[PDB]
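I have placed the structure first, in the form of structure tokens, so that the comments after it can refer back to it.
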2 protein chains.
Amino acid sequence: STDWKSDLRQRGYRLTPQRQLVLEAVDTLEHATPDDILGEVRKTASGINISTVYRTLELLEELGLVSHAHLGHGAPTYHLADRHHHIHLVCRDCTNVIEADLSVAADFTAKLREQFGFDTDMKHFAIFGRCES
Amino acid sequence: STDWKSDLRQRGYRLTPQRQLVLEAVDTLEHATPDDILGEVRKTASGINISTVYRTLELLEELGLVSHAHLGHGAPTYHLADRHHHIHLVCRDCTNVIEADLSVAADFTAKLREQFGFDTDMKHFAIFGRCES
Ligand SMILES: [Cl-]
Ligand SMILES: [Cl-]
Ligand SMILES: [Cl-]
Ligand SMILES: [Cl-]
Ligand SMILES: [Cl-]
Ligand code: NI
Ligand code: NI
Ligand SMILES: [Zn+2]
Ligand SMILES: [Zn+2]
């Protein structure tokens, strides 16, 4: 979201250059891992290490600006809280992830909400399978 | 499966004590992590380290005796290839995983097989959500 600066200020928070760089990286990268972010941020702040990237992501997530989702091997990837609202389908071979509108699981989630009293988004974890493509 | 010994021999393979210990641990533990396995195996072979546990699991999985599935945070847990054929539902708070017959997703998987040409088991990765319990 591009209103992040006013929202944080209205809450007493400001992002230092390096924190903004990490936020930009998560924005720019799409499905970025902490290490991908490290690489991207170094193009501006070469002196940054991964522990700083780990903490900034923890902070940004807690602040509501960033969110994570798991992909292959259950590895978490970061994206802005407002983007990537859907289901990822991980292929059992092709290095490609297919994104699918979560409505495409409207009944399923409902079936779960009843038979188990379990409410799910279908977003946090990916779904592994085989793809004809 | 309790026929593992004859099947491996009929393929030219035998498990040393420590390899059998790890196989027993995966059997005994239910949703065990490499570290849980390490702990369990040490009760018989105290001198074993985790790297040995990592390789034995890799081997056993490749051999077909063991299989893994992801739970909370996308962490892989090991079980015997023949067991745990179902869907895990990870609660957004309670330290409990609910197992659900995968038929309880018969339509959903089908819906995916068509609209995306994606064939999925629903087993490999867990489903995160909220549980009334
Ligand atoms: Cl703003
Ligand atoms: Cl992006
Ligand atoms: Cl046997
Ligand atoms: Cl078990
Ligand atoms: Cl992981
Ligand atoms: Ni896996
Ligand atoms: Ni997570
Ligand atoms: Zn996505
Ligand atoms: Zn299970």
Side-chain angles (χ1 to χ4, degrees), chain A residues 1 4 20-29 31-37 39-41 57 60-61 65-81 84 86-91 94 97-105 116 118 121-129, chain B residues 1 25-29 31-33 36-37 61 66-81 84 86-91 94 97-105 116 118 121-128:
Chain A
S1 196
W4 71 266
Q20 298 198 196
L21 259 350
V22 171
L23 182 63
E24 169 161 44
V26 165
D27 183 343
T28 300
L29 265 27
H31 291 172
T33 58
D35 193 66
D36 293 321
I37 299 295
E40 183 68 7
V41 173
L57 297 173
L60 296 176
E61 184 163 26
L65 301 178
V66 162
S67 284
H68 79 270
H70 305 254
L71 290 172
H73 304 292
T77 65
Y78 302 77
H79 56 268
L80 305 174
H84 290 281
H86 56 261
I87 302 178
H88 306 85
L89 280 41
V90 177
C91 287
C94 187
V97 179
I98 163 181
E99 308 168 5
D101 186 299
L102 45 177
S103 68
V104 184
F116 304 99
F118 186 72
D121 45 57
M122 283 292 119
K123 284 169 53 185
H124 209 63
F125 294 125
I127 292 174
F128 191 71
Chain B
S1 196
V26 164
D27 182 343
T28 299
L29 265 27
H31 291 172
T33 58
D36 293 321
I37 299 296
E61 184 162 26
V66 162
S67 284
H68 79 270
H70 304 255
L71 290 173
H73 304 292
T77 66
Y78 302 78
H79 57 267
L80 304 174
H84 290 281
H86 56 261
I87 302 177
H88 306 85
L89 280 41
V90 177
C91 286
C94 186
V97 179
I98 163 181
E99 309 168 5
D101 186 299
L102 45 177
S103 68
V104 184
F116 304 99
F118 186 72
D121 45 56
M122 283 292 119
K123 284 169 53 185
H124 209 62
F125 293 125
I127 292 174
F128 191 71

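Computation of the quantities below employed the complete heavy-atom set of this structure, encompassing side-chain atoms and omitting hydrogens, waters and symmetry-equivalent molecules. Read the numbers this way: they start at 1 and go in the same order the structure lists the ligands and their atoms. Per chain, numbering begins at 1; letters A, B, ... match sequence-line order.
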**Study point:** Positive for ring-ring contact (aromatic ring centres under 6.0 Å, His included) with A/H84, one of A/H124, A/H68, A/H79
**Key:** A/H79
Check your understanding: Under 6.0 Å between ring centres, would you say that holds for B/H31 and B/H88?
Key -> yes
Practice item. Restricting to N/O/S, name the atom of A/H31 that gets closest to the Zn ion (ligand 8). Key: NE2
Check your understanding: In A/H84, what N, O or S atom is nearest to the Zn ion (ligand 8), if we give its atom name?
Key -> ND1
Practice item. Could you tell me whether the Zn ion (ligand 8) has an N, O or S atom of A/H88 under 2.8 Å away? Key: yes
Study note, to complete from the structure: Of all N, O or S atoms in B/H86, the one closest to the Zn ion (ligand 9) is NE2
Check your understanding: Which of these, B/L29, B/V66, B/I37, sits in a side-chain contact (heavy atoms from CB on, under 4.5 Å) with B/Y78?
Key -> B/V66
**Study point:** B/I87 and B/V104: CA distance, side-chain angles, deciding distance, side-chain contact (heavy atoms from CB on, under 4.5 Å) verdict
**Key:** CA-CA 9 Å; B/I87 302 177; B/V104 184; over 6 Å; no
